[PDB]
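Participant: Experimental structure below, sequence on top.
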Amino acid sequence: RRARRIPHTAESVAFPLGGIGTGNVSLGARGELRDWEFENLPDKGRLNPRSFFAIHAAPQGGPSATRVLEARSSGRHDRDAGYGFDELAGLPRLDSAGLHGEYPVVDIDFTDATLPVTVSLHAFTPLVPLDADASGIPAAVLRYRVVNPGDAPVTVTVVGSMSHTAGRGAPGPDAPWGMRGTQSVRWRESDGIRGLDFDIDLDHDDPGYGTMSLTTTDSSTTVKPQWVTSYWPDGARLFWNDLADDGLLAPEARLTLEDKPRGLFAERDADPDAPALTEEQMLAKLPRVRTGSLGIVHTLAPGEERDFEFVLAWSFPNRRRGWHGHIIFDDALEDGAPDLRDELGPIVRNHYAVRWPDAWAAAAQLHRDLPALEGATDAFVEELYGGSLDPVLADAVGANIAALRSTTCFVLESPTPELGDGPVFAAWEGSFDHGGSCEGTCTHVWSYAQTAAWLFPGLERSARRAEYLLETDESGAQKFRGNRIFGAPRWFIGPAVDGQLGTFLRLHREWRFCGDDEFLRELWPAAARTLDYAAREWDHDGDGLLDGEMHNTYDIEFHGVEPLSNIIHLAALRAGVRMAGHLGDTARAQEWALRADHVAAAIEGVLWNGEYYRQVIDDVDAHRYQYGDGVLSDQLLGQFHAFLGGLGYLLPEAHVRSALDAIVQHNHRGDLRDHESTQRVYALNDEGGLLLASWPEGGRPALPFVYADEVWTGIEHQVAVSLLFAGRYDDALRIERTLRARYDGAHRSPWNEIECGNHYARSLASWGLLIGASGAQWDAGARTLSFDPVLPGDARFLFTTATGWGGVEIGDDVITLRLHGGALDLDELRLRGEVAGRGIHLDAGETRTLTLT
Amino acid sequence: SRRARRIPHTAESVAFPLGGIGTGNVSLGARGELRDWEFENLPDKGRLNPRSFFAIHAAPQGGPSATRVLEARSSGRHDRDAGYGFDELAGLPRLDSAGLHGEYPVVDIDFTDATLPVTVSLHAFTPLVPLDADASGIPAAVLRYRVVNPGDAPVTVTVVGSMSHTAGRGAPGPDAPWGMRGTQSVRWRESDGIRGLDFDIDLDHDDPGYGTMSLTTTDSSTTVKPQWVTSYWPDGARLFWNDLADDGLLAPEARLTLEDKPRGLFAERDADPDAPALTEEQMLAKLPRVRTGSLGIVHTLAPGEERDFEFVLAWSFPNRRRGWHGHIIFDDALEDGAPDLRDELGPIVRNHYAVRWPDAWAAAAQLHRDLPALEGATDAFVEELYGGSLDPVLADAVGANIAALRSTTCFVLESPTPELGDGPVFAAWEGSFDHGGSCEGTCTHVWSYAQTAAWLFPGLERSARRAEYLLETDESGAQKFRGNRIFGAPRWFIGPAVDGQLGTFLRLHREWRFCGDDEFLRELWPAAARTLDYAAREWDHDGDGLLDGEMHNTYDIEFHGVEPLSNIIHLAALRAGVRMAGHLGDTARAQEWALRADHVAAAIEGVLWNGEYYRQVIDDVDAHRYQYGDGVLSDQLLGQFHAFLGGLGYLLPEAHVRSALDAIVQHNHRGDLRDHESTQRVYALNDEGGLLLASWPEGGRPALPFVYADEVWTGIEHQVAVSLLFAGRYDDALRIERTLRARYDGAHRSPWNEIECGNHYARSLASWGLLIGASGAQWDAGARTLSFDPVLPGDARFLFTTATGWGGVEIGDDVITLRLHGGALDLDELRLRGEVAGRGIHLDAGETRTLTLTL
Ligand SMILES: [Cl-]
Ligand SMILES: [Mg+2]
Ligand SMILES: [Mg+2]
Ligand SMILES: [Mg+2]
Ligand SMILES: [Mg+2]
Ligand SMILES: [Mg+2]
Ligand SMILES: [Mg+2]
Ligand SMILES: [Mg+2]
Ligand SMILES: [Mg+2]
Ligand SMILES: [Mg+2]
Ligand SMILES: [Mg+2]
Ligand SMILES: [Mg+2]
Ligand SMILES: [Mg+2]
Ligand SMILES: [Mg+2]
Ligand SMILES: [Mg+2]
Ligand SMILES: [Mg+2]
């Protein structure tokens, strides 16, 4: 296998299935399902009762074997009440496993000393670049490949057993058995698929309502649609008895073995010769989760390999209207915007529910379209992980896509009439284990996130329209957390300099990617105002440099004069000139171009110290949370945006390189055992990482900004991307190797970079590594595509554009474009600053090799 | 040189619990970290106490200083969802490694580090004084850091404890800003011969969440920051570390907040933007409500010098909400009969320890003032339990499991019900979930397994027997197996369990035999005798003397047919009944019971014995769910465990008892569980071993056997190993114990926490019987006789207890020595291996007597 084998003992490792906005379930390195979080909230560590795969292998004329299809557990076994009944941890398992993840696809290869067959699991949820719907199906393929390496036929049953997740409620008389409603399960065969269809009797508009399914297209099935529900776990024992007996299953004659509540379960007030309860009446007194099993049965010849293919699908269509987070409280709202919530009502739907209002619909789609969906997914994996990128960089780019497809992000169906009809992308900053982290598609965080802008640009556009149409007032003040997507009044807190101007940079990015001038024009009156706001409101001494108190991503305000704000502003001005001039807004184009030149001069005159850019302040201790002559890792965040936006260097190339080099030299730690931090920990011990700031020349405040001693993968990524554009390949690679080692499975999961929450949005800065490594520059307005790889010689990269995606392959004398999705109609193709092709058009499925001479 | 085997700092499960009987607890991990902060009348495994940690500043003369948290480095998962948070101070430098050496109640944690210019060890304990439940119930612990200077220059060392109070948390909402329903306080205090930090909270004194804490020393060489800065951001910790790492000295903060008014993200929406600053007091009212302080002790160590930096951590949460408030005995499960006193009695029951000690400081002051005697007793205990002849495996099993008795699982109430009169009453959960009690009501079917308190704190067990007989036993002799009436509530409506009810009667005999108090027995005797007669009357439907048909038991199901668990317990109960009846002059009842017992033993042999073991006789093992038939039930001879411990000897032919025990071992013990198939709960798995509850070596497995048959319970493992020691099957006892304790050797589970339905599970207290069976200790307080009969020949040395006193017994063929460490002992006879060693032996604490044995 190409991916690195992660052993079954790496307990943190979780490979997430599910798509954009769908919610998720993960596979651990034991091959177990974990982190069941379908229900519009995170739920790391949620155990789904009785939900597992199992194998019965019956060698012809030989003893049978029956195992759960999981490697052995390891680690702490001191659960407070033991592993519970519903975990079935006492059933026999496979000795070991290795997990090989190339997100969105995983392979988990099992090893066992005695099982008479060998097993692997291939799993994925499709990902189709530029197709957010196809990439947002609430379902996953679970495909178990079984090999008979023995000399006699083996009859193999692979059986998924599953419980629906819906229905939990807080303990109480409205939630007997912790369940607010009662589940159902049945066998179903319709829509070209067969299997188990789960439901619940909650109201159609209850936020907790949802469905699940476990299906196959395999005709060779054996089923127990509904396990027995008794007070004791009879269901499970009967299931195992049924499976290990013969590798076949039957429906249960009786759905409960209780006649009436007795012994410990007796109702104190029951009439002791009440009439017999019907089974339905007895079921009404019992636990409300339901479980079924779908088995697929094949006799494998000596040597034969066969796939046992399932789909697991789910649908929780209803969200409560509002973030219901921990920041934007209904008493932290400012007056001024109409409160639409009573009129619009208490629910907003997930977008995915328009096509797939229940699990069956999603399953049926995934099975019907599997060749194309899988074909796309596989082409994506091959381009992303099978080209010339160093494996570390492919890992950083690819694995972090998981954040975009996690509970951190979601897509709402028409949440507010003010944006018109259609999907609106919105996101937390991250996911706490059990709730959202930091609501409002936070602009100072999300400005670092690049992945969606290149893979699902539609989503990012929908978000920019919320910020400009709803969250930007007449003066140009833009909220950095948005509440108006729900119809709710705005958050009362004011603008952040990085969030407001980062948003403006993202408007440029979005427009550059799609080429849609109408998109830009709609947002332009508000966007221009936000750029004007900065020079007017944030420069108190009229020198062109933003100064004094401005709020930033560090949750504090910087004072004095300093590069984070100023270099972002410089980039925004440059972007603003491009957009203004294109749109014919000649007054702003001129005004901003003058301003930009003046700012760049003033940055070099004031903030540059001959090695890096730093904060000019009278007294670094006069206000808490400053940094002064410290080296701020984000000093050049503006330049990261500029490189990615095709704006090149904002400042003298040698000065930018010096500054980057200072960041690497001073702020990168190979080992953190001696680091003296009172802050949050995302790197420690024998790990390394880029610090947010350090003070190599002294001047450390008593109380520096409150995250200065921390390590943020997002900042690591942005700096590495800048280093790539600057030609500092070795250092970018070292940053990325070091940070991804913290996420190699030993202590943290590859598919979950963390900050304030799991699947943290800043981690999506990582996509810029592909861009920087390849020097990809797509301008949809010019219809030009160019590459300029940092490393010389032969190369092969994934690329995206608005209209199409594929692979680029570069040699001495030729460049090849192969398109896997959509279409490409280039005015011009450039390689290393030279014209490689004019008028170059390709359709999906076509390859063109162009001579460079 | 440490006697306990070294547990590495990488063993994440390991937690050495400080605290005493009924006090609540905090634990030490193998990194030397404090963890599992659970002082407040409920379990709380995994609760992190913000800003609560020890650190060292080591300033070598003429060398670079080192400032470190006095913990080894963490080593497992680091993927906390938000990172390690500010208040964990996980980004401060730590030590390369540590080795934990626990001989409960004492622990030593030895740090190793390549950069620190001194070497550090932590010695910690909460005193344990056998037979003194109060002295063993101090809500405090000693934390004594030994620092050695192995280098070549003097080093000025500061060892600093920083600590937050735990009190005040509230459910999310407007009255719990920052998650805190009250505001804590901390101050420097010097009083009662001690000094340090005194923590309080502005909750009402009767609030269940009210309490205090203290961190004190008697060292005069202190440096202190009594109250860290409270700002919106964690300025306090930054200032703390700047202050420590600068010079190893601390100062009080001139400003208790660095906020002038709420600003920025914390600004109040409606505030006037140019509002003036608030006072410091008004500003603190708007800020987080936990308070932190730091007590440092400073000494300069010459090359080769060592010094103790001694702290005491103490706490007090005096108030419990009246009632179990568990998950079984809800209002819809309450019986009409006994009237509801709850409204008449008032909403709070106090912890017993809160009678003696008003607050944390009081308990700290006691512990410091009395420390030489308390520690002396504790050290003498440790030496007898762990420094004698027992195989270390056995000493481990006996001593580690005491933790359960001193955990949140158990507590002691001040006078919860007028119906028992005034005084402390012991009560217990079966266990402790991570964040709540497991299975309320001093459950009798579970607690009948527990032996530790009956030998170490018998008074506690007597107080509980009174609740059962006076409160939970009706006029027919039906006894509840979960007791709600201690709180003045109606009884639970569920009826008796055969093992619970008869197990409690066996424990009455046990308690009476230990103490020799006929008045204790007489008060309970009418109720107790009715509970024994209840069995033969109500549970034998075919007149054969054997209990038959539907009887509920510890497996939470009912056995049908006729089967040994019930019947061999009954046999044992009858034999104990005869002793008690005979002594009290209830001569007619003694005779009746003796003859009934003779008939029961004969019927057991004639019906339940199959030539190899005892089993369930039933027409169809599948006619009723949850049976076992011809399976081997590990608990078949539980009655015989009681009988052995109660001095009653073999209940059945010796060869048959040994055969059955051998069959339990042979059939139900597993060295490895890779091949095991269980749809049940997991307490043992994979490459572990254990004793299964049942197995079917000759077939006859029901489709749905009892619901725990395929499980492994340490309590059952212990009871069987105890019986095996009595029966002379030492090797097999040791094997069961070796295998079970290996499950709790720190690799996957903690030595100090055997688990079943909950942490610190009461059944694990069967482990005390290993000492009794290994030593063959037989104490009869009514006869004033003490005998030993060790399973292994030759020289031996054991802990022993009696009602009046405790100590060490040293045995050879030439002499037997008693050394009494506490109390007194007045023996009419001392016997060894059935022979009189001496008569008229009178010892006081601190004395020894060595008797030469006859040739
Ligand atoms: Cl899109
Ligand atoms: Mg959790
Ligand atoms: Mg349905
Ligand atoms: Mg079958
Ligand atoms: Mg200025
Ligand atoms: Mg490591
Ligand atoms: Mg075509
Ligand atoms: Mg075309
Ligand atoms: Mg917990
Ligand atoms: Mg006080
Ligand atoms: Mg100082
Ligand atoms: Mg009866
Ligand atoms: Mg009978
Ligand atoms: Mg082994
Ligand atoms: Mg192991
Ligand atoms: Mg000798």
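Facilitator: Cool, the structure landed. Numbering: from 1, shown residues only, chains lettered A, B, ... in the order given. Ligands and ions are numbered 1, 2, ... in the order given.

Participant: What is the neighbour count of the residue of the stretch 151-300 of chain A found nearest ligand 13?
Facilitator: The nearest approach of the stretch 151-300 of chain A to ligand 13 comes at residue A:263, 20.6 Å away (CB to the ion). Heads up, the C-betas are built off the backbone N, CA and C, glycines and all. Residues within reach of residue A:263, counting by other CB atoms under 10 Å in any protein chain shown, total 14.

Participant: Next one: it from ligand 16, what distance?
Facilitator: Distance, residue A:263 to ligand 16, by CB to the ion, to the nearest Å: 56 Å.

Participant: Now do the contacts for that residue.
Facilitator: B:552, B:557-558 (CB atoms under 8 Å, 6 or more residues apart in numbering or on different chains).

Participant: Over to residue A:405?
Facilitator: Residue A:405 sits in contact with A:16, A:18-20, A:22, A:24, A:104, A:125, A:127, A:135, where contact means CB under 8 Å, 6+ apart.

Participant: let's see it at 10 Å
Facilitator: The contact partners of residue A:405, by CB atoms under 10 Å, 6 or more residues apart in numbering or on different chains, come to A:16-24, A:103-104, A:125, A:127, A:135-136, A:451-452, A:455-456, A:751, A:759.

Participant: residues in contact with residue A:39?
Facilitator: Contacts of residue A:39 by CB under 10 Å, 6+ apart are A:23, A:46, A:165-168, A:207-210, A:314, A:316, A:318-319, A:407.

Participant: Scan those and report the most crowded one.
Facilitator: Most surrounded of the contacts of residue A:39: other CB under 10 Å gives residue A:407, at 32 neighbours.

Participant: That one contacts residue A:19, correct?
Facilitator: No - if you go by CB atoms under 10 Å, residue A:407 and residue A:19 don't touch, sitting 11.8 Å apart.

Participant: ok, which stretches of the stretch 751-853 of chain A are helices?
Facilitator: In the stretch 751-853 of chain A, the helices defined using DSSP state H, counting those that start in this stretch lie at A:768-774.

Participant: Minimum distance to ligand 11, which residue of it gives it?
Facilitator: residue A:756 (31.6 Å).

Participant: swap in chain A?
Facilitator: residue A:702 (12.7 Å).

Participant: Look at that residue and give its secondary structure.
Facilitator: Under DSSP: H, G, I helix; E, B strand; the rest coil, residue A:702 falls in the coil class.

Participant: what's around it, how many residues?
Facilitator: 11.

Participant: Let me know whether it touches residue A:621 as I believe.
Facilitator: Yes - in this structure residue A:702 lies within contact range of residue A:621 using CB under 10 Å: 5.7 Å.

Participant: residue contacts, residue A:119?
Facilitator: A:31, A:53, A:55, A:57, A:67, A:69, A:94, A:97, A:108-112, A:144-147, A:156, A:158, A:308 are the contacts of residue A:119 under CB under 10 Å, 6+ apart.

Participant: wait, is residue A:524 part of a helix?
Facilitator: Yes - membership of residue A:524 in a helix is supported by three-state DSSP.

Participant: I'd say it and residue A:464 touch.
Facilitator: No - using CB under 10 Å, residue A:524 is not in contact with residue A:464, being 11.5 Å away.

Participant: got any residues that touch both of those two?
Facilitator: A:507, A:511.

Participant: the more surrounded of these two?
Facilitator: Higher neighbour count among residue A:524 and residue A:464: residue A:464, with 25 against 19, using other CB under 10 Å.

Participant: surely that one meets residue A:502?
Facilitator: No - using CB under 10 Å as the test, residue A:464 is too far from residue A:502 to be in contact (11.4 Å).

Participant: Tell me the residue in chain A that is farthest from the middle.
Facilitator: residue A:273 (57.8 Å; CA atoms, centre = their mean).

Participant: Assign it to helix, strand or coil.
Facilitator: Residue A:273 ends up coil, using three-state DSSP.

Participant: list the contacts for it?
Facilitator: Listed by CB under 10 Å, 6+ apart, the contact set of residue A:273 is empty.

Participant: Same question for the one 10 residues further on.
Facilitator: Taking CB under 10 Å, 6+ apart as the definition of contact, the neighbours of residue A:283 are A:182, A:229, A:255-256, A:258, A:277, A:290.

Participant: again, but for residue A:358
Facilitator: Residue A:358 neighbours (CB under 10 Å, 6+ apart): A:138, A:197-199, A:209-213, A:313-315, A:317, A:364.

Participant: coming back round to it: for the residue farthest from the centre of chain A, what are phi and psi?
Facilitator: Phi and psi for residue A:273, reported as degrees, to the nearest 10, are phi -130, psi 40.

Participant: For it, give its distance to ligand 9.
Facilitator: Residue A:273 is 45 Å from ligand 9, by CB to the ion.

Participant: got it, and residue A:293?
Facilitator: Where ligand 9 is concerned, residue A:293 sits at a distance of 31 Å (CB to the ion).

Participant: what's around the residue nearest to residue A:248 when sequence neighbours are not counted, how many residues?
Facilitator: Using CB to CB, 6 or more residues apart in numbering or on different chains and skipping the chain neighbours, the partner closest in space to residue A:248 is residue A:222 (4.5 Å). Residue A:222: 19 surrounding residues under other CB under 10 Å.

Participant: I figured residue A:222 hits residue A:159, correct?
Facilitator: Yes - with contact defined as CB under 10 Å, residue A:222 reaches residue A:159; the gap is 7.7 Å.

Participant: shared neighbours of those two, which are they?
Facilitator: A:56, A:242-243, A:247-249, A:293-297.

Participant: quick one: secondary structure of the residue nearest to residue A:248?
Facilitator: Reduced to three states by three-state DSSP, residue A:222 is strand.

Participant: so what's it up against?
Facilitator: A:56, A:157, A:159, A:242-243, A:246-250, A:293-297.

Participant: let's see 8 Å
Facilitator: With contact taken as CB under 8 Å, 6+ apart, residue A:222 is in contact with A:157, A:159, A:247-249, A:295-297.

Participant: Compare the residues you listed and tell me which has the most neighbours.
Facilitator: residue A:159 (29 neighbours).

Participant: Under a three-state scheme, what state does that residue occupy?
Facilitator: strand.

Participant: May I have the beta-bridge partners of it?
Facilitator: With DSSP bridges as the criterion, the beta-bridge partners of residue A:159 are residue A:54, residue A:295.

Participant: try residue A:349
Facilitator: Bridge pairing for residue A:349 (DSSP bridges) gives the partners residue A:318, residue A:413.

Participant: How many residues are close by residue A:737?
Facilitator: 18.

Participant: isn't there a helix covering it?
Facilitator: Yes - in this structure, residue A:737 lies within a helix as judged by three-state DSSP.

Participant: residues in contact with it?
Facilitator: Neighbouring residues of residue A:737 by CB under 8 Å, 6+ apart: residue A:392.

Participant: and if we set it to 10 Å?
Facilitator: With contact taken as CB under 10 Å, 6+ apart, residue A:737 is in contact with A:390-393, A:395-396, A:688, A:720, A:744.

Participant: cool, residue A:501 as well?
Facilitator: A:443-444, A:447, A:478, A:495, A:530-531, A:533-534, A:538, A:546, A:565, A:568-573, A:575-576, A:638, A:641.

Participant: again, only this time at 6 Å
Facilitator: Residues near residue A:501 by CB atoms under 6 Å, 6 or more residues apart in numbering or on different chains: A:568-569, A:572.
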